């Protein structure tokens, strides 16, 4: 299986582990993990975070042929589990978390979108447009020990976590771009830039 292969001590996650558009797994709803976690489920989260750190290291990214990322969801590794990793550097980190069974439990009426649009590791093309998301979210998740965390996010952090949670729900960023008018600005939409 993908999880068995990826969680080998010797394995570093790279672009060859990341599935692309068209793979049914990206459109499937991922399964909740149960507690206690298996060693493999813990290792997977750790490997995913290591991938993000490698992708953000210019030297390592070059050596490994990585595209830079600030989030990764297990379904992108062909693993249909509700596990995501997020690593947003402060422009060392604005947000660093491995989240098991993450869930948005509250959100703002206000919407937000990145002014520069969104990119995705499983998408090898540019898809222009404002990706409309909630401006602010409250997120519950469990850590590797099964301890519950409840955090509040705004700005970039909020965008990134919503993007990754979408993956575990079979949703892609362009699903949230206005079809007819990709750069439309509705009342109540904050453009982040």
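Positions refer to the first chain, counted from 1.
S.K.: Zero if continuous, otherwise a range: how many residues of the deposited sequence are missing coordinates between residue 91 and residue 92 (none, 1 to 3, 4 to 9, 10 or more)?
M.R.: Gap size class: 4 to 9 residues without coordinates, per the record.
S.K.: Output the stretch having the higher mean C-alpha B factor in the entry; the candidates are 111-119 and 97-105.
M.R.: According to the entry, 111-119 carries the higher average C-alpha B-factor.
S.K.: Which is higher on average in the deposited entry, the C-alpha temperature factors of 13-21 or of 175-183?
M.R.: The stretch with the larger average C-alpha B-factor is 175-183.
S.K.: So among 155, 45, 65, 36, who wins on Cα B-factor in the entry?
M.R.: In the PDB entry, the greatest C-alpha B-factor among 155, 45, 65, 36 is found at 65.
S.K.: Out of 127, 30, 135, 151, which shows the largest CA B-factor listed in the entry?
M.R.: The record points to 127.
S.K.: Residue 57: which third of its chain by C-alpha temperature factor?
M.R.: Highest third of the chain for residue 57's C-alpha B-factor.
S.K.: Please rank the C-alpha B-factors of the chain's modelled residues and tell me whether residue 131 sits in the lowest, middle or highest third.
M.R.: Its C-alpha B-factor belongs to the middle third of this chain's values.
S.K.: What third of the chain does residue 70 rank in for C-alpha temperature factor, lowest, middle or highest?
M.R.: Its C-alpha B-factor, which the entry lists for residue 70, ranks in the middle third among residues of this chain.
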